[PDB]
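Quick notes on the structure that follows.
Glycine gets a Cβ as well: all are built from the backbone with ideal geometry, and neighbour counts include every protein chain shown. What follows draws every value from the coordinates through simple rules; no lab data is involved.
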Amino acid sequence: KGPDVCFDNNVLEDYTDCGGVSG
Amino acid sequence: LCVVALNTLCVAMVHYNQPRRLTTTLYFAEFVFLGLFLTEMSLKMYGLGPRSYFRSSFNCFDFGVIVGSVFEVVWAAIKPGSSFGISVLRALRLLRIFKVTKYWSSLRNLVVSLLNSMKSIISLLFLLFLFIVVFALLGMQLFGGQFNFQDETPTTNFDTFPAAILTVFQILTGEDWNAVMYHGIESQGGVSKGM
Amino acid sequence: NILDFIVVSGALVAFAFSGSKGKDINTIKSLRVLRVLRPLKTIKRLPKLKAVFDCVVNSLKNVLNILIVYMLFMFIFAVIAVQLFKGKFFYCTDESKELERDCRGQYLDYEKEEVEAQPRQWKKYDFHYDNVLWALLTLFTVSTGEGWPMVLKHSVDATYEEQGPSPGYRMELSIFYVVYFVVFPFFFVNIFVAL
Amino acid sequence: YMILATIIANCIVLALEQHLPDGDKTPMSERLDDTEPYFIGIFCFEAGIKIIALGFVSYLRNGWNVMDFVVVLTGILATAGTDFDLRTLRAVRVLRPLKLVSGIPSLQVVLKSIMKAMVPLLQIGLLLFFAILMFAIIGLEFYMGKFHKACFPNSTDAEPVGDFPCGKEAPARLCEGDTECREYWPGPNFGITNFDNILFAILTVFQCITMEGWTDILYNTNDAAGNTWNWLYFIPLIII
Amino acid sequence: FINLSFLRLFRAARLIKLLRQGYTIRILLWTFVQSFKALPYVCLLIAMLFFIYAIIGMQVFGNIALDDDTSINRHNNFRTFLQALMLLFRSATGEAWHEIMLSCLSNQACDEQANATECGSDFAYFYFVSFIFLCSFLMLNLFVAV
Amino acid sequence: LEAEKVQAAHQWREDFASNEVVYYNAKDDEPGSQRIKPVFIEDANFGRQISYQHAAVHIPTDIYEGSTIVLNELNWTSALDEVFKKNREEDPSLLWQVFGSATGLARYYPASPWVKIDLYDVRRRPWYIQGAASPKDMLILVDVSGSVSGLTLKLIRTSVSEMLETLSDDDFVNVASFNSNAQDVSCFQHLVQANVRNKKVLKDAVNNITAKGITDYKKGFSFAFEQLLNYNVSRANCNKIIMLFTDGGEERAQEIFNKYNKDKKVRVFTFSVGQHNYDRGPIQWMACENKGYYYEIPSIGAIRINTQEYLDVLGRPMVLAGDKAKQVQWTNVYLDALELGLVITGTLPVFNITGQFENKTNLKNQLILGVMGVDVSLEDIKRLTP
Ligand SMILES: *[C@@H]1O[C@H](CO)[C@@H](O[C@@H]2O[C@H](CO)[C@@H](O[C@@H]3O[C@H](CO)[C@@H](O[C@@H]4O[C@H](CO)[C@@H](O)[C@H](O)[C@H]4NC(C)=O)[C@H](O)[C@H]3NC(C)=O)[C@H](O)[C@H]2NC(C)=O)[C@H](O)[C@H]1NC(C)=O
Ligand SMILES: CCCCCCCCCCCCCCCCCC(=O)OC[C@H](COP(=O)(O)OCCN)OC(=O)CCCCCCCCCCCCCCCCC
Ligand SMILES: *[C@@H]1O[C@H](CO)[C@@H](O[C@@H]2O[C@H](CO)[C@@H](O[C@@H]3O[C@H](CO)[C@@H](O)[C@H](O)[C@H]3NC(C)=O)[C@H](O)[C@H]2NC(C)=O)[C@H](O)[C@H]1NC(C)=O
Ligand SMILES: CC(C)CCC[C@@H](C)[C@H]1CC[C@H]2[C@@H]3CC=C4C[C@@H](OC(=O)CCC(=O)O)CC[C@]4(C)[C@H]3CC[C@]12C
Ligand SMILES: CC(C)CCC[C@@H](C)[C@H]1CC[C@H]2[C@@H]3CC=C4C[C@@H](OC(=O)CCC(=O)O)CC[C@]4(C)[C@H]3CC[C@]12C
Ligand SMILES: *[C@@H]1O[C@H](CO)[C@@H](O[C@@H]2O[C@H](CO)[C@@H](O)[C@H](O)[C@H]2NC(C)=O)[C@H](O)[C@H]1NC(C)=O
Ligand SMILES: CC(C)CCC[C@@H](C)[C@H]1CC[C@H]2[C@@H]3CC=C4C[C@@H](O)CC[C@]4(C)[C@H]3CC[C@]12C
Ligand SMILES: CC(C)CCC[C@@H](C)[C@H]1CC[C@H]2[C@@H]3CC=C4C[C@@H](O)CC[C@]4(C)[C@H]3CC[C@]12C
Ligand SMILES: *[C@@H]1O[C@H](CO)[C@@H](O)[C@H](O)[C@H]1NC(C)=O
Ligand SMILES: [Ca+2]
Ligand SMILES: [Ca+2]
């Protein structure tokens, strides 16, 4: 039996920073 | 001549971690020297004439150096990064020292003969460059992509054309050519096969 | 006879200072190594050795003008190299860090499969271009041909005034070294032999 | 001047190629590979015009024309070659930059002038070869298989701790710590610089005369058999 | 009892026996050898240069501690006259003369048998540069004389 | 709660020269701090000597204490000692209470000296990993084309082996390799539970790969996306991530990303491994477009840090969920690093909420400050069951 908690694909996530623009 | 000597002294004092006052002083002295040299190349060109001024080869060199210095100055403001270093070439204007001596004729005749056979010099240099290119292509075919060893890939490899031509030039100079030979032999199989 | 005078006076001074404690031991060492000039006394006594020494000195005087020109060109190249490479020859012990403030503490050295704790220290390359004298020494080493691939790699990998190296950052800078090899070891040194 | 443009473009195409290990290829590699048969066709057309203008065995009487014909023939064979033994034929396309030597007679005259001063050097090379051979033989008589001993710790995994030869007791270099000099270890430089047979000795002597790493071989002999007499082999070798 | 292994060289000498067939190598080799034997004082001057520089290196950098993974070690050092001459010849040909120069500059760990605890000097710059220049100049002078 | 409240009121001093920080660094016999010499009385319930007067701080070998981030952490974490003491006061039978920061240092109570080389990293610990992010459905794509041969192949193998160590029994992982043809590195063919046996099998399989062929990103990504849509077998039904281990390429393949993940339901993490001059443009573009991140691994020393940082990306939905995403979780029975035997650790993440009253920063508040943990020994459970 797996955990019954899942946290992903939030609408308010920024995700505007990568490792490419910074460096 | 004294102005050129002072310019050489000013440009020879640049060093790492110099005081900011010295940096600003040199920055302004570069402009002052450029303006002075520009005023000595216009007054001497009007007092001699464009055809008579360009007759001497060293005056043509001076004009080229002045144009390059102006280009460096304008290019060092729109994008201040590194710098070509043409402003140092004015130190060659100290070659006027030999004029007052008895060795002016001997040193001037060597430059006259060098300029006389310029096409031969260019042809010889181009033939050397062509042989270097041919050997670089041969090295690219023989060892291109085969230098990826278990440890770090050597910089002196034959993967790209610039790397291959640098390797060929270094082997021509003769420094550490045995290391490149060992790397090639290891790439081709080792001591057993590929020797 | 002047040289004989320095030899004798230095020996006498060393003997006089010997009969005491180690007063200025560095001066004692200097006066001790001064005694090497004893074989030089043989040059005058042997007429043939004096003649060959005179011939060597005459040959040296025959190329003084070209030596001066070569030194001027080398100084110009050294100044250009200082302008291009001053401050950029610093590196951290581990390649992960790029700044002096970051190169502090200890890191893990993954060599010879032992992963040892090694101290991080912001060092400078052995042959650099911080000032004109260091550039002259580096260019002399390059002209001799020993270890010039290392300085070529360091120059190519140099990034900025106070930043650590990055491989293949500025490859075009190799042109400089190529030009150097075209002008000094190849050209200039071959006109010494001819002269 | 249209044939010279074909050559310069071919040279630029050759310089733009990139080689990757184990069969990997960049898209530009295939893009440039697709350009080859137009070059081969242009070269074959020019060769055909020169043939129908000059004949055969006086067109082939010129060495540069012989080189051009060999280049175009190898290219044609590569085009019609599906077999995998084309490496010795695809390595001929590096002579293409030499074709512009044939197109410019001034470069031909310069090359003739530079190469006419190397014939009297040939005898020197012959003498040089003799010297190398002689020294090689001497090496083969003294340093045959002397660099194969190393300080293996305990024959656990046959991994030497130091990259220097041995001599068991003797004036040669000894092991420190818990190591013994067991038989067989490739050699100083991956086992390349040694005097096992005449070919290895010749290669080592040729490396020595160029004064590149000769001191490493001298030190290897010194710590393999003592430093009393090894200088008498290398100093005359370097000098001569 | 007696270490006798040099006699094999005699057999390796048979190569010289076939050097007489060539009518253009013998006349050149003999000519250059006879010119060499006519100018011994140039060689004497070069030998004096080597002697002086070897003695100077002995006096200045003699007591540098021998360490591996460096340029002053059991193979290349200034300890004895023969070792100094070997170092000078190695630098004259040119292998790691810059590395040797860096290996002795004013701050080297000093040997545990000498007197001074900090031996070595920054005089190695001038020493090595002048030695290289003078050796090259005298060798070129000998070449041109021959 | 106390850690969040204290860290909210932080001034972030840029210099610590005049006012040094006072803390007891472990594993000890520099300007910016002053150390503490404790008494270290020998105590029962622990196998070693401990001191209840303060809390010890462990900093990894490759992380330099005295940096601005570390000094600020040692500043604002000094308020946890009072809560440590109070928690012990309410329960004298309490084992280690630890706070592992995202910076890298762990502050644990009671103070005790640390246990050759020390490779311990707090962010690699299972109790930190289970609370740093929710369970996941990792799928590792490996570029095994000709260009990766040499150093950048053993580096990729080591990176994959270290990445597998960040999974647990609640995560599901699979490893696939592609060179103009995609395939599985082993005989699993679908996601596995990523337990000890499956992880060992995958490590053995990835240690035996060879580099040859021409890269084709389209086929590899199609294989990965079709593998992540199985639903025939047991999975985690949580974070779906494709972790790409390559060097460089000239193709970004908008077609595959548009076809498979149109609504961006699968994150893509891309790693550039080795020292090379290949084009990194598409590698970073695929990471940016798919809610992922871009990492560079140029040597072995960068393997450990870069293979653990992706959990910062996966923690954004948890921190943006709010107080509902704050539950105590218990790890599997493992062996304590401080030589205490078999223990289980409670876990509770800590959020960075500086200036959240005005709701204006919201930029670095998407990451966790760290993870709190408390150790429960199996001997206590045995004692509760006579
Ligand atoms: C919790 O989140 C808050 C904000 O949401 C965060 O507080 C912020 O911390 C950063 C530092 O990480 C502060 O940044 C200031 O401004 C710049 C940007 O970092 C710094 O100047 C240099 O910046 C470069 C890169 O931009 C950097 O490499 C360099 O080291 C910096 N310093 C130099 C060159 O000296 C400032 O130094 C930095 N600090 C100042 C100005 O004091 C933000 O200002 C902070 N914002 C707020 C509202 O406080 C906090 O750190 C998060 N919690 C944790 C534990 O990190
Ligand atoms: C145109 C081209 C012309 C080419 C001409 C070439 C001329 C130069 C030739 C140089 C040859 C002499 C140098 C020999 C190298 C010595 C190598 C060596 O290690 O010898 C030691 C050897 C025994 O080795 P050891 O380590 O002592 O014992 C343990 C291993 N057996 O043996 C010993 O125990 C010591 C014996 C060796 C040292 C003395 C050898 C005689 C040298 C006399 C002077 C040079 C004679 C030149 C003869 C020319 C023809 C060969
Ligand atoms: C991070 O470091 C800071 C400086 O090292 C700490 O700031 C210091 O905290 C002290 C304790 O609160 C203060 O001492 C007293 O503060 C009261 C406040 O009203 C005043 O009486 C005085 O300022 C002071 N009294 C005496 C007798 O010293 C310091 O003033 C204060 N600032 C300093 C030392 O510059 C932070 O507390 C620390 N962070 C944490 C979380 O502890
Ligand atoms: C062509 C002619 C006109 C030039 C004459 C010689 C000077 C211009 C050169 C020769 C010595 C050079 C000096 C060589 C050594 C040094 C020391 C150097 O000082 C430092 O490095 C201090 C910084 C530090 O090390 O902490 C500054 C450059 C300076 C004086 C150089 C400045 C330019 C100098 C004075
Ligand atoms: C007698 C002379 C002419 C012999 C040498 C001929 C030079 C013109 C050759 C040898 C070195 C070559 C250089 C070798 C290395 C480089 C750097 C390189 O520049 C790049 O930007 C490479 C791009 C990349 O990083 O992929 C290619 C040009 C350049 C200077 C080459 C240009 C042609 C050079 C200058
Ligand atoms: C399991 O996955 C497959 C495909 O990934 C699903 O589709 C079935 O595939 C099998 C292949 O042998 C075939 O029965 C049919 O092509 C598909 N079945 C259909 C369309 O009913 C399959 O539905 C998934 N689930 C199960 C329980 O098999
Ligand atoms: C002919 C004699 C006097 C040589 C004088 C010309 C020398 C100093 C010139 C000729 C070509 C020049 C180089 C041409 C291109 C570049 C690339 C640039 O990004 C940095 C400077 C650098 C590397 C220049 C340095 C100066 C240079 C080497
Ligand atoms: C006297 C002859 C050789 C003329 C050459 C003089 C110059 C080039 C040489 C001669 C002796 C040398 C000095 C000898 C010893 C030392 C001690 C060292 O810790 C610093 C450098 C210093 C001070 C040297 C500097 C360079 C020096 C002054
Ligand atoms: C292995 O090492 C031991 C001591 O370390 C020593 O007896 C010997 O070198 C080896 N033992 C053998 C060969 O039995
Ligand atoms: Ca060399
Ligand atoms: Ca690839």
* Structure fact -> With +1 at each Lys and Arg Cβ and -1 at each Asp and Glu Cβ, the charge dipole magnitude of chain F around its Cα centre, to the nearest 20 debye, comes out at 1080 debye
* If you count the DSSP beta bridges with both ends in segment F:217-349, what percent of them are antiparallel, to the nearest 5? -> 25 percent
* Structure fact -> Rounded to the nearest 10 degrees, the helix B:161-173 long axis (Cα) sits at an angle to the longest Cα principal axis of chain B of 80 degrees
* Sorted by average packing, counted as other Cβ atoms within 10 angstrom per residue and highest first, what order do B:160-168, F:141-149, D:147-155 take? -> F:141-149, B:160-168, D:147-155
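Where a ≥ b ≥ c are the square roots of the eigenvalues of the C-alpha gyration tensor, would you call segment D:60-136 rounded, which needs a/c under 1.5, or, failing that, prolate if a/b is larger than b/c, or oblate? Working shown, then result.
On the way: a/c = 3.61, a/b = 1.41, b/c = 2.57.
Oblate, since a/c reaches 1.5 and b/c is not below a/b.
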* To do: Could you grab the relative contact order for chain B? Cα pairs under 8 Å, six or more apart, rounded to a whole percent.
  => 14 percent
* Over what distance in Å are the Cα centres of segment C:76-116 and segment D:112-147 separated? -> 44 Å
* Structure fact -> Only helices counted: for the protein assembly as shown, with every DSSP H run of 4 or more residues adding -39500 (n - 2.57) and the sum spread over all residues, [θ] at 222 nm is -14000 deg cm²/dmol
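Using the Kyte-Doolittle scale, find the helices of chain E whose mean hydropathy is at least 0.5 and whose Cα atoms extend 27 Å or more along the helix's long axis, counting only whole DSSP H runs.
Values: long enough: E:40-61 (31 Å, 2.18); E:124-145 (31 Å, 2.05).
The qualifying helices are E:40-61, E:124-145.
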* Structure fact -> Scanning chain E, every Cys lacking a C-beta partner under 4.7 angstrom -> E:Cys43, E:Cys104, E:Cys135
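Of all DSSP beta bridges located in the protein assembly as shown, what percent are antiparallel, nearest 5?
Values: 47 of 71 bridges.
The antiparallel fraction comes to roughly 65 percent.
Partner chain Cβ atoms within 10 Å, averaged over the residues of C:79-88 - can you pull that number for me?
Values: counts 10, 8, 1, 7, 8, 4, 2, 5, 3, 2.
Mean partner shielding for this stretch: 5.
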* Structure fact -> Per the beta carbon screen (other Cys under 4.7 Å), unpartnered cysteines of chain D come out as D:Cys11, D:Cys44, D:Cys208
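Among E:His98, F:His276, F:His10, which comes first, then next, by fewest other beta-carbon atoms within 10 Å? Working shown, then result.
Values: E:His98 26, F:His276 19, F:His10 13.
Going from least to most buried by this count: F:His10, F:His276, E:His98.
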* Structure fact -> Karplus ³J(HN,Hα) for segment C:131-143 (6.51 cos²θ - 1.76 cosθ + 1.60, θ = phi - 60°; Hz, whole; x = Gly/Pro) runs 9, 5, 5, 5, 5, 4, 5, 4, 5, 5, 4, 5, 5
* Structure fact -> To the nearest 10 degrees, the tilt of helix B:20-40 (Cα long axis) against the first principal axis of the alpha carbons of chain B is 60 degrees
* **For F:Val142, distant residues with modelled amide H under 5 Å away** => F:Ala176, F:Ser177, F:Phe178, F:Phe245
* To do: Report, to the nearest 10°, how far helix C:148-157 tilts away from the longest principal axis of the Cα atoms in chain C, using its own Cα long axis and a range of 0 to 90°.
  => 30 degrees
* Structure fact -> Applying a 4.7 angstrom Cβ cut-off across chain C, unpaired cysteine residues come out as C:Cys55
* Structure fact -> Residues whose built amide H sits under 5 Å from the amide H of F:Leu369, excluding neighbours closer than 5 in sequence, are F:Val350, F:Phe351, F:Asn352
* Structure fact -> Expected integer from the mean partner chain Cβ neighbour count at 10 Å over B:148-161 is 5
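Just order D:156-162, B:111-117, B:130-136 by mean Cβ neighbour count inside 10 Å, highest at the front, would you? Intermediate values should be presented prior to the final figure.
Details: D:156-162: 11.9, B:111-117: 10.3, B:130-136: 18.3.
Put in order of decreasing packing, that is B:130-136, D:156-162, B:111-117.
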* Asked: Got a sec? How would E:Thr93, B:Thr8, F:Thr77 order by Cβ neighbour count within 10 Å, fewest to most?
  -> E:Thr93, B:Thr8, F:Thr77
* Structure fact -> To the nearest 0.05, the calculated FRET efficiency linking B:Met13 and F:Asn359 through their beta-carbon distance, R0 being 51 Å, is 0.35
* Structure fact -> Given a Förster distance of 56 Å, the FRET efficiency implied by the Cβ-Cβ spacing of C:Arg35 and B:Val100, rounded to the nearest 0.05, works out to 0.80
* **Pairwise FRET efficiency - E:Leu66 versus E:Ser35, Cβ, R0 = 35 Å, nearest 0.05** => 0.25
* Among F:327-339, F:193-205, C:153-165, what's the highest-first ranking by average C-beta atoms within 10 angstrom per residue? -> C:153-165, F:193-205, F:327-339
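What does the structure give for C:44-55 when I average, per residue, the other chain Cβ atoms found within 10 Å of the residue Cβ? Walk me through the numbers before you get to the answer.
Values: counts 0, 0, 2, 1, 3, 5, 1, 1, 10, 4, 0, 5.
Rounded to a whole number, the mean comes out at 3.
Within 10 Å of each residue's Cβ, count the other Cβ atoms and sort C:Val8, D:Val101 from fewest upward.
Ascending number of Cβ neighbours within 10 Å: C:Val8, D:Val101.
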